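Asks: Can you read through this structure? Questions will come right after.
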């Protein structure tokens, strides 16, 4: 249902993220995005640009201990 419309203007450190998911372009949602899921429930999911180097780097570190992803 919900989806990312904008991207983080701030880098986040891996210490606060538990996992990520991918958002592909769709009818409800027109941009691709990376969704970073927080360790603390006091925090929201964070939308981020897939092309940014820090985003790629974080995903790559998180992938050392991967979580399930959205089918497709």
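All positions are counted from 1 along the displayed chain.
Technique stated in the header: X-ray crystallography, 1.9 Å.
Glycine residues also receive a Cβ, built from the backbone N, Cα and C atoms like all the rest.
Among the features that Swiss-Prot reports, disulfide bond is placed at 3-29, 4-47.
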Asks: In whole Å, how far is residue 29 (disulfide bond) from residue 4 (disulfide bond) when you measure between their Cα atoms?
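Replies: Spelling it out, the Cα of residue 4 (disulfide bond) and the Cα of residue 29 (disulfide bond) are 7 Å apart.
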Asks: Could you state the CA-to-CA distance between residue 29 (disulfide bond) and residue 47 (disulfide bond) to the nearest Å?
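Replies: That comes out at 13 Å between the alpha carbons.
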Asks: Taking the Cα atoms as reference points, how far is residue 3 (disulfide bond) from residue 47 (disulfide bond) in Å?
Replies: 9
Asks: So for residue 3 (disulfide bond), how many other CB atoms are inside 10 Å of its CB?
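Replies: Neighbour count, Cβ to Cβ under the 10 Å cut-off: 15.
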Asks: Restricting to the chain of residue 47 (disulfide bond) and a gap of 6 or more, list residues whose Cβ falls under 8 Å of its Cβ, or answer none.
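Replies: Result: 4, 5, 6, 7, 8, 23, 33, 34, 35.
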Asks: Across all chains shown, how many C-beta atoms besides its own are within 10 angstroms of the C-beta of residue 4 (disulfide bond)?
Replies: 19
